[PDB]
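Structure assessment
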Amino acid sequence: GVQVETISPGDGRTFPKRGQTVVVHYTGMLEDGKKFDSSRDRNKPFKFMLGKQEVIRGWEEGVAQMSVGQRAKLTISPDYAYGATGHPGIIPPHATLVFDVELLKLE
Ligand SMILES: C=C[C@H]1CN(Cc2ccccn2)C(=O)[C@@H]2CCC[C@H]1N2[S@@](=N)(=O)c1cc(Cl)cc(Cl)c1
């Protein structure tokens, strides 16, 4: 599944809803601690819309429980991410993913 551990609190009241655009910065790492991808490296916040099947399940479920402003660590099992195949070249097979996610804005 996905575990959400708060790093720093959000507003405690404004949570993502279907149809809203979620704006984040994230860093993704393997259990080894090695980074596989970061929006901060690209100088560009990552945006997705909730309920449009745009992201892995662990994101859909994990970010939905964050409030605006919150920074959290999401630990995501392979079955809530890229599963047995992974994504060759980027995400290894059967990988547990750990993301540092900061919910910057809802728009
Ligand atoms: C590039 C941004 C997304 C990519 N996706 C959706 C997605 C889109 C196309 C292919 C694989 N996965 C995602 O579901 C997740 C979670 C949100 C932040 C990023 N990833 S990601 N960091 O695991 C990632 C995974 C992969 Cl296979 C490629 C890249 Cl460029 C990024």
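In the block above lies the structure referred to throughout.
So, how was this worked out
- Residues numbered from 1 in each chain as written, not as in the entry; some residues may be left out.
- Heavy atoms only, no water.
- Residues with missing side-chain atoms left out of burial classes, pairs and counts.
- Pairing = 2+ DSSP bridges.
- Helix = DSSP H or I, 4+ residues; strand = E, 2+ residues; numbered from the N terminus.
- Salt bridge = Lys/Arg side-chain N within 4 Å of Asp/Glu carboxyl O.
- Buried < 20%, exposed > 50% of the residue type's maximum accessible area, 1.4 Å probe, protein only.
- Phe/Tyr/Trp six-rings, centres within 6.5 Å; stacked < 30°, edge-to-face > 60°.

**Some points on the pairing of strand β6 (residues 97-106)**
Alignment of strand β2 (residues 21-30) against β6, held across nine bridges, turns out to be antiparallel. Among the inter-strand pairings, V22 is bridged to a residue of β6, identified as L106. With six bridges connecting them, strand β5 (residues 71-76) and β6 associate as antiparallel partners. Each residue of the ladder has a partner; that of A72, found in β6, is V101.

**A short note on the pattern of salt bridges**
When charged atoms on two side chains of opposite charge get close, those side chains can pair. Taken as a whole, this structure holds eight salt bridges when the rule is applied. Of the charged contacts, one joins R40 and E102 as a salt bridge, the two residues approaching to 2.9 Å between their closest N and O atoms. Linking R40 in the loop between β3 (35-38) and β4 (46-49) with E102 in strand β6, this pair joins segments that are 62 residues apart in sequence. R40 gets classed as partly exposed once you look at its relative accessible area, which sits at 35%. Salt-bridge contacts for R71 lead to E102; the nearest nitrogen and oxygen are separated by 3.9 Å. Pair noted here: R71 is in strand β5 and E102 is in strand β6, with a separation of 31 residues, a long-range link. Relative accessible area serves as the criterion here: at 27%, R71 is assigned to the partly exposed category. Because the salt bridges share partners, they merge into one network encompassing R40, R71, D100 and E102.

**A closer look at the packing of aromatic side chains**
Inspection of the entire model under this criterion finds eight aromatic pairs. Ring geometry for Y26 and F46: centres 5.8 Å apart, planes at 90 degrees, overall edge-to-face. One end of the pair, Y26, is in strand β2; the other, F46, is in strand β4, and 20 residues separate them in sequence. On the accessibility criterion, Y26 (8% relative accessible area) is buried. Centre to centre, the rings of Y26 and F99 are 6.0 Å apart; their planes meet at 65 degrees, and the pair counts as edge-to-face. A residue pair is termed long-range when its members are at least 10 positions apart, and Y26 in strand β2 and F99 in strand β6 qualify at 73 residues. Both residues of the pair, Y26 and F99, belong to the buried class.

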